[PDB]
């Protein structure tokens, strides 16, 4: 097994790996400002889940929150034959009730960098995410793996406090950003007792001449980054969970939920350097956007702020150029049927996004998968179901008709897709399909729907189940910018063990909902 192994077809034998995670109500001080958080195991980021390609994960998730369901998603994890462990509440399970435990089981049939996060409403915005790193092949050599660097915005209160405001349609400017869970913040004016100060920059220490694999993930609520390290080059070796033909870049545009693995050679004059998130100010607002930075040190004892000169950011909300993103294991898209769908917006009780006029709104007590187990094939209109059955491919064209010009990071569950087109133009059903790239196009699981343009993503019908596709901007998802593919419904294979477990989760959730303190007040996802 190697970098040229087809991991969609072949999977190594591995070992069983077991984790207990507690979804917790916490207090943290990541940037010198003390606030509530919703965490795995009291840390933001959550604990590292590290495994090998082909391992079986067993992850016992206990919900120790008092006032929310929860449901944990393993982002970009294919979940072939483990649909009920995808962690989408209202799609592949009922929410895990307070006090209850759901044990997620799945094999990792991919390798690279990803993460896990709650998919229950906005929870991941309060810190409910962690790294999921799967060891395997890599398209370039390096001597050291520094692991993951999370890039995010960071509020100074619960995302749930500001939801009622945000749902009037404008995402609010958050108070700060974190790089790998930390940042500075100026508390030396504040009369807020929580602003205790002492927040510190993310530090990364290089040994000169050593090669470092960095694993970048944008995990913000509503944030775009263009990661750069002053006077260093990034050699990009993977996008999401798909190794790519290495290419070098001064900066790396990164949408929410996207990952890149980069190799950085520490071949610069030994000094302190700015590490730049390069918050996309055009993409979304932040109170402290220029402070989305950290410190590269070649000398650990140095406590000096770097004074390096950075590269000029492209300053866009785009993804990396399609031409740059060439998977190592080349794969082409076969004959396809085309599904076309259109993003617009409406206002009801609040601001919603629509997919062909319907905003996603799930009933947590009746997930698509329960409906499937009950042999339903017609789904509520607000479940935004697109049915798929075998031409073994689908091109899904999603069009921004909102007029907003936001670059939406579109995430597909159950599949890597193929970026056959990512265009800043109006989609024409008679002209545009011709301009698709079907021959080893970029392949990944988050890609930008360009603002005012279209994203055309192809996938194979190789994974029966009900698969959410959504904007990964947390507000947008909560605002129903989502649909779901019900793929070969009659081919979905579920174990009696897993059906029993699913039913129990739903039973406990149904036992919880009559005295819940808080109702569902978003899409559910």
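Positions refer to the first chain, counted from 1.
Count the deposited residues lacking coordinates between residue 390 and residue 391 and you get 4 to 9 of them. Mean C-alpha B-factor is higher over 328 to 336 than over the other stretch, the pair under comparison being 328 to 336 and 83 to 91. Comparing 189 to 197 with 223 to 231, the higher mean C-alpha B-factor in the PDB entry belongs to 189 to 197. Highest CA B-factor among 313, 451, 112, 181, as stated in the entry: 313. Across the residues 494, 469, 61, 474, the deposited record lists the maximum Cα B factor for 494. Ranked within its chain, residue 501 lands in the middle third, by CA B factor from the PDB record. Annotation for residue 130: C-alpha temperature factor in the lowest third relative to the rest of the modelled chain, per the entry. Ranked by C-alpha B-factor against the other modelled residues of its chain, residue 415 falls in the lowest third. In this PDB entry, the Cα temperature factor of residue 205 sits in the top third of its chain's modelled residues, the highest group. In the PDB entry, a CA B factor belonging to the lowest third of its chain's modelled residues is recorded for residue 150.
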